[PDB]
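K.L.:
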Amino acid sequence: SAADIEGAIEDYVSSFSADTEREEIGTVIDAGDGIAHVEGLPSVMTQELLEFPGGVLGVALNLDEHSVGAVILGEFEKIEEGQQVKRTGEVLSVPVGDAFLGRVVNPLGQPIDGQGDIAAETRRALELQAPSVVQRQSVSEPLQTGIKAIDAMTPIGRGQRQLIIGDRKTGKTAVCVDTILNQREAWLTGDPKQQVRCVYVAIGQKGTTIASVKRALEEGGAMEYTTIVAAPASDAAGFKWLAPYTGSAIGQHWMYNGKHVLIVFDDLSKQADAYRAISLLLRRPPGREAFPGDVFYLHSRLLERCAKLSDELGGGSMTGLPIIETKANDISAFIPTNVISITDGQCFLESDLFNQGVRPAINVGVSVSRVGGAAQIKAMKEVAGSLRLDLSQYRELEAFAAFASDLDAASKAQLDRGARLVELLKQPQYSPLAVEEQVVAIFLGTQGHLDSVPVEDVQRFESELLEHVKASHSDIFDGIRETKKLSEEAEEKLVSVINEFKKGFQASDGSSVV
Amino acid sequence: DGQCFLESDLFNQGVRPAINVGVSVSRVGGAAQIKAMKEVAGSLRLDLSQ
Amino acid sequence: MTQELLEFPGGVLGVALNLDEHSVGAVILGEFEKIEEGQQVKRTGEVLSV
Amino acid sequence: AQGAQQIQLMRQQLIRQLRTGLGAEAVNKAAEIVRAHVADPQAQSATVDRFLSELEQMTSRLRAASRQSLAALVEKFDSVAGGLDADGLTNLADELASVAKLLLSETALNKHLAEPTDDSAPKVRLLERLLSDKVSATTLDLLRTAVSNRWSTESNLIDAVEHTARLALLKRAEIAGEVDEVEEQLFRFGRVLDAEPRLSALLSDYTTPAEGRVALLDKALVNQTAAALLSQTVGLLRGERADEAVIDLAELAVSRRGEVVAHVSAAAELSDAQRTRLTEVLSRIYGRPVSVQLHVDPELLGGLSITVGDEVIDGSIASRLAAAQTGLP
Amino acid sequence: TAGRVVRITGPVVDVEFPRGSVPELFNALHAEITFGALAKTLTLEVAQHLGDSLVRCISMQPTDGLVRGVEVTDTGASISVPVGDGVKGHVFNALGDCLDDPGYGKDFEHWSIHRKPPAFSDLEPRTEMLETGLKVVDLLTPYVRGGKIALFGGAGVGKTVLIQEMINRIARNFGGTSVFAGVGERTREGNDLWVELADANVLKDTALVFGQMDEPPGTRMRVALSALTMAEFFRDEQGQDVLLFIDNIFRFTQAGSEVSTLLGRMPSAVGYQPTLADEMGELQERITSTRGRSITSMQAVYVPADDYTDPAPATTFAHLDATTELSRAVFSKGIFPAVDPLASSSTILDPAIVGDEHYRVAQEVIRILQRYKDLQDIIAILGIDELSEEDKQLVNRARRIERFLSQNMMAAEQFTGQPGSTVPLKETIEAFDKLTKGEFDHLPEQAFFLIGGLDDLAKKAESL
Amino acid sequence: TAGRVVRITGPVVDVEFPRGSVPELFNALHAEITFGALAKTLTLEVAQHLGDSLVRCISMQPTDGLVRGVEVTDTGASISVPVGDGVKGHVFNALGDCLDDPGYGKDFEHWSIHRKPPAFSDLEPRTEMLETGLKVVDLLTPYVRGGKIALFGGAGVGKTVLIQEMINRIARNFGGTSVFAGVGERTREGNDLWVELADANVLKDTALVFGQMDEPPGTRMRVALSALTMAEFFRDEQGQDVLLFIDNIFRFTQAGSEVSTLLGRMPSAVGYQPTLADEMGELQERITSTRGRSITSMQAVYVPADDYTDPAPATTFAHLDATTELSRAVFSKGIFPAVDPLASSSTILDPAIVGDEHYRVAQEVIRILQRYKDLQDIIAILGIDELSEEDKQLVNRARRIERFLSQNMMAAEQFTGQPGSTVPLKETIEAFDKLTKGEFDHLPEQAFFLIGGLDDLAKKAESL
Amino acid sequence: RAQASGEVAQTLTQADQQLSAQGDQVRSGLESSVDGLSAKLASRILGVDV
Ligand SMILES: Nc1ncnc2c1ncn2[C@@H]1O[C@H](COP(=O)(O)OP(=O)(O)OP(=O)(O)O)[C@@H](O)[C@H]1O
Ligand SMILES: [Mg+2]
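Chains as they are written, first to last, in the deposited numbering: chain A, 7 to 520; chain C, 350 to 399; chain B, 51 to 100; chain d, 100 to 157, 169 to 331, 337 to 444; chain D, 8 to 471; chain F, 8 to 471; chain b, 115 to 164.
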């Protein structure tokens, strides 16, 4: 250990050299609440990283006739009037590379997990332009979330932008963490075409919450391929403002190299809440809900960097899963209204469904994916196309639950079916299903094998069936996986094994089945 | 330290002084009463709110 | 005069609302697109009238 | 496996903070070694020579309208000065300062006088009535242009009159052949009043009566040009810091000559050869004649530092120590 | 001679100019961004004169990397789009620069997007009806030649297919042209549209202008005027009838409000710009018929909070003359083009403009479909047998009516292979008059799906 | 050398300093007031640098009597308060001066109020449950030992009695050290707490810092940090486990909102400072617990206008692991402690931690009460007999669950006369498991109201 | 899981002891290395031989 300890310092000494190069200077005139006004710096450029002598950084977000308004990224206390401010020749830029996999980094690509320094592969500006209409491709291949309620009713294709919009403590973080955990079965196969990479941008989380998510990912092995960009609430407004662009840069580097990426913004509401602070402090003119005018351009220029690239650009993709925290379920507020119009789809989580026992609590019928069936494998299209119709018929008939005996038989059957499909879409956290398994799960429902199982047992029946089929009849899952289609022969054998199992299954009332 | 919320809809329907027993409260409570009233009225507000 | 009708070189008319100590804030009638800095503005001598 | 990676990363953190503390001790011992080396005058001479040779190898506040009007007013002052004389310039500066005081006090007059118009003739007449008997006619001829032109704010008219009086006094200094002495004394007083924050802050008396500040200057602080300039400036200071005002006086003096002032920092005063070499090198770098205001200080031991305009070229034991100390792993 | 940037606050940029060179407002100015990673020729649109030779401008592209004092050159004219027959088949940004082939179109004649609407004396004094030939459109919601049609679409309800259909309609029946103003377009669905229209081979008859969400609100605002200026060239000079699609107009209002806030103007009511109605009119009052040729428009219109009283949708609905609404509840039946006959409406369906027979037939169709839309509750909860003989005698006609509103249309020609039918107006009226009176009860429902008129109804029924 | 006051406006003061002597941000400045009974040394905290060597400061003490031009001396350091074992058993103000015994703390080690929160490397997620003995808390919103607990609630809904009861339950048996921050809290309840802790002798292990609402915004802001720095000393420098109570944390932000407009910050939404989230995070992140040394935070959060959408509560929600959530609706029904069981939440309530036996019952209770709130609108107008037999049975169970969640708290003796009760966790789970499955539908609805457990439930049912 | 957790805790304690001993031993030599590193850095910081 001593040898390398001494050798590193020896090489550092050897590589040291003069900083004689002339540079421009400014001086702080005002400082307060995270903003510093710097006079001078005539050649400064917008978004340029300024450096203050205590080792502090600024963004130079506002230029006036005689002053530069710089948001301070950290340790604001150390700034004072009269401090010599130097300008770097560089716009906001962050390192990128595969070394970030498994690391927690601040919005400047510096490690905050307390592990070693990250081996930077390249550096990218935080504000490069998005892939244009001509560079992109149709979103034709799925981003399996492992959530039955999503992959079957509001599917996500890699290259899509799907909003997890909901109240607090309604399962948003849970859903996106399950999305990240599900990708391991793809990662373990070293095929970059299957292999998804992930970036969990934590904006305004408390440190222990980011640590809980990190522990939930480690418990699932996701840290082999997941990065966290952490702007904890402890850190300045600027860090909360730049965390999503740092994550987007880390993901864009992988995307343009031809990898597939999954970006979770948690939460963009606090991204907007931080840009509002920065803007109001800079005395920019306010608008609705006190946000600045460009608060849409804030999020669009972020989410629109998610794309699926053409074959000419390696075919990569970056899949955005932005989360937003609505207040009293007002999806009509400003920032929700913006992101609902920027994103391709919306997985509306609602607290009532959450308390009614419907978890992951996606309010189907209101949730949508404008991409549609293109984000599904043929087997899932075939099996789940009827699911939305059946659940809408149930959403109508549910008012007649009190009168199930008077209801007409043809729709009595639909009510009994809908209740079991609802139970079928229930799913516990951190237990994402592979597509091969949830194809069969939805097949149990839409093809009517659950119709004789008592409602209260559905969740267990499925959980037992998939455990039997997974262990004893793997050829079914192998077929669905390797051919992406539920062939007729595998359907018939699946029905045969479903009835094989259903004779042994026992329900709460001890009754038999079929 | 407490509220005597006089509802107009109680005042009109004959309940005068019109204290809305449910929202009204005195957080010092029994310490602001003589022992006799603490005996006889120890839980009157909760009984009337229920 | 206040509420005087001022003519701007593009044939445009405006109403002199806010007579400041040294300036005259006017509401432009018609194509304000044709109005710009440095343009000579002159009096019609007529209060806002048709 | 989590435990295995955990122990490996604990080892890595151990060696990392080992390297960090070792580098810190190394840079601190190097700091002590170089701070001992810097004691010799020959070593300082070598450092300044190395930096100078390396370098050898290598109105604004005002807006557009006021900017143009001030340029034109100076263009007419050029014509006035072409016929002026020292004795006349002495009175010109004082009368311009007097009218500056008038406009600074009778604000109601000033707001009308600064009115932006092309047909400024009435304003001129307002001046002609008010001043024609109070001050000499040449001052009126120049204030005619000062008033006729356009100003972005009522403050810039006073600013332009003060600037014109300052230019007239500086022109008296230049014709008398004191161009160098006046600049030297202006920088002397600049550094003095920047180092004496009690009397200098007391000089920014625009809340107090000005004649007190004038008499304070006369008592405390010399070529009559610099004294007149300082007294005029403190009389027309208008809330600006006295030190930053006198340094702006010196900047304007050297820029009127055509040069620009480059502030220099070093451990000790170098010989004339170093001064001339540095001036020629800076002129080569920035393409202008230059003057060096050497603000020597021991804290910035070693090397040589220069700042001109809003740019720096800095070499010193302290700055390079900061560079070495911040690079540790 | 040229100006200098002196202040930058996001998309807003202040440019100082010499005394005599100040540009008139709504002029386009060019500026440099030289930092390599972000190098650009930044475009600025003059919004205000701040006084003292200083102009407040709103940037068309991200200002990141701008420098104070950088040179700004006045072009002497507003944002100007290339116009001609050459813009058909290509996709443009709001500034008139081609995406598919950079530098294309720069040789064409350029028209300033800021131009006044037709003079009062040039307008048409009466509302002519657009014989597009779609049964449901022609009967229930007759479009207006020179009017505007709200298009309440959705996910997977055939909006893009109806767009392709109307493009083919105008391009083949009227010999016209189409311009697609994508205001605030999602880049993904914009590329989807590009490749779908290229596959349908209708792109050759369409000019697309995409103000992408990537961009500051300046271009998301001005792109509607860009496309409308291409349409105004096709109307005024080449004498064609045009169909201007706008998706989405509410995002034009939104971008206008964002620009208003950026420039520092006090917000109005709910938070829109004070000039809301003035610029919405500047856009809408310009889509009209002149000298026998017209620009019709289909405007996809968001409605925030589903509140039809919010200033933005209220101001939008003050102009547009018809409302087509697509429903999943109808698409899922196989009833293409899926226009909901009951939610949809038109201001021309009055016996003064359309003939009295047309009005009567449409009102009877609406009555029957209203009865059926009320009875579907019984149909689902109690079954058809719960209905009386007269209610079943009605439902039997209603099913076939709603089927007959479907049409084999030129957009389906891409997939079914069968050619798209154009149904004359008189034949549509004389078909639904007989169908409502029950003259075709004996035919099965399958006979009415996706059939182009009454003679085609017979051709299908007699062979089935 | 020293400075001088230039401008005074409310509690905010502006102070000019020589060029090089300007104090750093958050330094403590001292200035004398020399009038009569108001004569005092005045502490100001440097909030901003305004340029021209001016600095804007917030007065920790009322500015009445302050004079322009008076001398101001910088401490050279921030506000510092005593830390050590000796501060236990004593009462302090935000400035660190003892209210009980003036001059007591002036020989202690003094720690700056301001310090950075621990690094993300020092943080681990806590999962140990804290048993309080309150049915609603232990079942539906269980607390975390070492976590950040909170008691949200509008005005008057009982936050103070609940927080004092949690003190009586935790700090009594807790073996470590306790700190109580009174932030903008009533002085009367602070004295009731002081004398109650003195009577229970818990005071020997409790350090109290009071910045009551009679105090100006500066001290209402910095009192939370002054208590938190004592908590952080007990955490970091001694390792002895800590409890940190805070009533009311909202006031910390509120005080800032009072000074923001004087500090020249433009106001945001409904009227908070723009720094809201930054200040609240800089405070809350410090309250966290590093590995191997715990702080069990218990902070009551005021909810303006009962609107849980107000930016302050909405931002506070993020920093908490368990959120008991009081509401005026539950309070009006006499269901004191008035916890809304559906709003309240906890991160620990997972079967992996609390056990399936607990999770099942909690989720069943939440499901029943959610269905009850969904059905109340029907019940109020249509009636109970109009429901299904199953919905009606669920309603009769929900009405009883509501009232069994109520509990006779010890601190609520003065509210109820009767003594308080502690219900073990096992008995809570058993009781609510019986309730949800109907094993008590035969008891009168009133028997569950304000009763501590199953034995007391039986005794009260047999008393009716 | 509990058995492996015990193994991990044992690994952590072994790390603590091993790294304490290694830190002392390596700092013993680092004290010497520091003199030469500082001597060379004195030349690099000065930009000339010292
Ligand atoms: N699919 C699920 N099944 C069962 N429980 C769930 C599920 N999803 C979430 N939960 C429960 O909800 C809580 C977590 O909610 P979550 O953290 O997703 O909310 P959130 O959107 O992150 O809110 P915030 O971001 O404000 O913390 C936990 O108690 C967890 O057990
Ligand atoms: Mg979350």
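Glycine is no exception: its CB is placed at the ideal position from the N, C-alpha and C atoms.
#1: Would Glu402 of chain A count as contacting chain d if we go by Cβ distances under 7 Å?
#2: Could you pull the start and end residues of the beta strand (DSSP E) that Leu215 of chain D belongs to?
#3: From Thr139 of chain F to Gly460 of chain F, what distance separates their C-alpha atoms?
#4: Could you tell me whether the Cβ atoms of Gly183 of chain F and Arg227 of chain F are closer together than 7 Å?
#5: What first and last residue would you give for the alpha helix (DSSP H) that runs through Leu57 of chain D?
#6: Figure out for me which residue from A:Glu443, A:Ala217 and A:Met229 has the closest Cα to the Cα of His474 of chain A.
#7: Can you have a look at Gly341 of chain F and say buried or exposed, based on whether 16 or more other CB atoms are within 10 angstroms of its CB?
#8: Taking the DSSP output, what are the residues bridged to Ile65 of chain D?
#9: Can you name, in chain order, every residue of its own chain whose Cβ lies under 8 Å from the Cβ of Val147 of chain d, other than the five neighbours on each side?
#10: Consider the Cβ of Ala380 of chain C: report whether some Cβ of chain F lies at a distance smaller than 7 Å.
#11: If you follow the beta strand (DSSP E) that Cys204 of chain A is part of, which residue opens it and which one closes it?
#12: Could you tell me whether the Cβ atoms of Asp414 of chain A and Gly163 of chain D are closer together than 7 Å?
#13: Got a sec: is the Cβ-Cβ distance from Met273 of chain F to anything in chain A below 7 Å?
#14: So which residues of chain A does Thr441 of chain d contact, with C-beta pairs closer than 9 Å?
#15: Tell me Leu63 of chain B's beta-bridge partners as DSSP assigns them.
#16: Say the cut is 6 Å; is the CB of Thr282 of chain D nearer than that to a heavy atom of ligand 2?
#17: Of all the options d:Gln101, d:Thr119 and d:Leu344, which has the alpha carbon lying nearest to the alpha carbon of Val324 of chain d?
#18: For the beta strand (DSSP E) that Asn34 of chain D lies in, which residues bound it at each end?
#19: With which residues is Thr303 of chain F paired in a DSSP beta bridge?
#20: Got a sec, what are the start and stop residues for the alpha helix (DSSP H) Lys329 of chain d sits in?
#21: Are the CB atoms of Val216 of chain D and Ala188 of chain D nearer to each other than 7 Å?
#22: Measuring only from the beta carbon, is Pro438 of chain A closer than 6 Å to any heavy atom that is part of ligand 1?
#23: Going by Cα to Cα distance, which pick from D:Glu78, D:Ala38, D:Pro89 and D:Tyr111 is closest to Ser66 of chain D?
#24: Looking only at DSSP bridge pairs, what is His365 of chain F linked to?
#25: I'd like to confirm something about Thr179 of chain A: is its beta-carbon nearer than 6 Å to some heavy atom of ligand 2, or not?
#26: Could you tell me whether the Cβ atoms of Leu427 of chain A and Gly451 of chain A are closer together than 7 Å?
#27: Relative to the C-alpha of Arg282 of chain d, which residue among d:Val427, d:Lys211, d:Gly198 and d:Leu309 is closest?
P.N.:
Taking the definition as stated:
#1: no
#2: For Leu215 of chain D, the uninterrupted beta strand (DSSP E) segment begins and ends at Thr213 to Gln219.
#3: 14 Å
#4: Their beta carbons are not under 7 Å apart, which means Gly183 of chain F does not touch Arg227 of chain F by this criterion.
#5: Careful: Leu57 of chain D lies outside any alpha helix (DSSP H) and carries neither H nor E.
#6: A:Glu443
#7: buried
#8: D:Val19 and D:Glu52
#9: For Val147 of chain d, where only same-chain residues beyond five positions count, the Cβ hits under 8 Å are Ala381, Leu385, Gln389, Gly418 and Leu419.
#10: yes
#11: Residue range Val202 to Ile209 is occupied by the beta strand (DSSP E) that includes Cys204 of chain A.
#12: no
#13: yes
#14: Within chain A, the residues near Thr441 of chain d are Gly61.
#15: The partner list for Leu63 of chain B (beta bridge, DSSP) reads B:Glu57 and B:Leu79.
#16: no
#17: Comparing Cα-Cα distances from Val324 of chain d to each of d:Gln101, d:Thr119 and d:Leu344, the minimum goes to d:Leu344.
#18: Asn34 to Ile40
#19: Residue pairing for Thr303 of chain F: DSSP places it in a beta bridge opposite F:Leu250.
#20: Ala320 to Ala330
#21: Yes. Within cutoff.
#22: Not under cutoff, so the answer is no.
#23: D:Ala38
#24: DSSP lists no partner for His365 of chain F.
#25: yes
#26: In contact: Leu427 of chain A and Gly451 of chain A (Cβ atoms closer than 7 Å).
#27: Nearest of d:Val427, d:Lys211, d:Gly198 and d:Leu309 to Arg282 of chain d, Cα basis: d:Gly198.
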